[PDB]
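Report on one structure; see the data block that follows.
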Ligand SMILES: *C(=O)[C@@H](NC(=O)/C(=N\OC(C)(C)C(=O)O)c1csc(N)n1)[C@@H]1N=C(C(=O)O)C(=C)CS1
């Protein structure tokens with residue numbers, strides 16, 4: 024009933040933003056979906073870290089000690105943003121610590137260690153395919169996976185595919201029960217999300233999310250949302267701009283989430 028209005032409002036937000044906006048909502052109360061450019065490709069940037077962390081969690085289902093396995097951090101492993109890993113240079117971090125740093129602080133060195141643990145970007149993609157995601161592709165390590173060049177298929181997915189995958193990982197059965205709970209705990213402990221999807225939602229709703237930022242002013246967020255009194259929602263908001271040096275626009279993601287919420 025409200026869906027025509029939501030579509031109109033998302034288009035008006037996009038027009039005022041100057042950029043290109045992609046939205047996918049799944050309401051798990053009734054499997055309703057609301059999409060805006062839901063089948064167009066967008067650069068994932070650091071939102072791809074959810075897939076990498078989940079792939080390591082899947083490996084840990086058959087290796088009970090895997091998350092405690094130490095990984096060496098060398099000075100040469102530091103990249104453009106690595107607030108956790110830099111404390112451990114010439115030392116080690118466990119795979120659990122790398123997963124938490126990648127997800128909750130968006131540490132790019134930590135993401136690179138997860139990618140390497142999976143055999144490279146193609147190993148992350150192979151895990152995506154194993155859980156039914158035919159759209160996701162990871163092609164590069166950080167920081168270059170965040171270049172976000174328009175038209176480049178590398179390191180992209182669609183909002184529809186990412187919402188479905190995030191649902192399967194956090195609420196469905198793609199991971200074992202303990203691993204699903206650990207992923208949800210990590211996402212709920214994210215430090216980077218208060219200005220993005222969360223900022224558009226009622227403060228009483230619990231959120232776990234993973235943000236992303238990259240070239241072309243790319244500003245992304247993927248979230249699982251537990252509204254008050256309601257089954258959870260999954261929401262992807264992806265946003266990218268026409269000039270390489272464009273500024274971040276987390277407010278656009280908040281505005282998209284607000285429009286989605288007001289139409290529930
Ligand atoms: C994931 O998206 C990561 N993004 C980046 O490394 C890039 N830019 O992000 C920062 C450094 C925050 C920025 O100035 O926008 C990047 C790599 S190559 C390029 N042109 N830009 C991490 N993502 C986030 C996040 O938004 O979640 C961070 C907070 C840390 S970097």
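In the deposited numbering, the protein residues as written are 24 to 57, 59 to 238, 240 to 252, 254 to 290. We put the beta carbon where it would ideally sit given N, CA and C, even for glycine.
Query, Result
"Cβ distance (whole Å) where residue 183 is taken to contact residue 59 below 8 Å", "7 Å"
"In DSSP terms, what residue 234 is bridged to", "247"
"For residue 49, three-class secondary structure by DSSP", "strand"
"Closer than 7 Å: residue 223 CB and nearest ligand 1 heavy atom", "no"
"Contiguous beta strand (DSSP E) assignments of at least 3 residues, all confined to the segment 85-125", "94-97 and 115-118"
"Three or more C-beta pairs below 8 Å linking the segment 94-101 and the segment 200-219", "no"
"Cβ neighbour criterion (16 or more within 10 Å) applied to residue 76", "buried"
"Cβ shell of residue 125 (< 6 Å), same chain only, five flanking positions each side left out", "108, 131 and 134"
"beta-carbon residue 145 near ligand 1 non-hydrogen atom, thresh 7 Å", "no"
"Between the CA atoms of residue 139 and residue 280 - distance to the nearest angstrom", "30 Å"
"Distance CB(residue 162)-CB(residue 148) smaller than 8 Å", "yes"
"beta-carbon residue 54 near ligand 1 non-hydrogen atom, thresh 7 Å", "no"
"Rounded C-alpha distance that separates residue 116 from residue 153", "31 Å"
"Coil, strand or helix - residue 207 by DSSP", "helix"
"Sequence-distant residues of the same chain with beta carbon closer than 6 Å to residue 284, five excluded per side", "224"
"Nearest candidate by alpha-carbon position, reference residue 181, set 258, 92 and 158", "158"
"In DSSP terms, what residue 181 is bridged to", "66"
"Contact test: residue 24 Cβ vs ligand 1 heavy atom, cutoff 7 Å", "no"
"Proximal residues to residue 267 (C-beta, below 6 Å), its chain only, five neighbours per side dropped", "42, 241 and 242"
"CB of residue 208 within 8 Å of CB of residue 217, strictly", "no"
"Any non-hydrogen atom of ligand 1 within 7 Å of residue 130 CB", "yes"
"Residue 227 burial status per 10 Å Cβ neighbour count (16 or more: buried)", "exposed"
"Proximity winner among 39, 65 and 82, relative to residue 194 (alpha-carbon distances)", "82"
"Contact test: residue 45 Cβ vs ligand 1 heavy atom, cutoff 7 Å", "no"
"Option in 199, 198, 234 and 197 with minimal Cα separation from residue 215", "234"
"Unbroken alpha helix (DSSP H) run spanning residue 151, endpoints", "145-154"
"Bridge-paired residues (DSSP) for residue 195", "DSSP, once it has assigned bridges, lists no residue as partnering residue 195."
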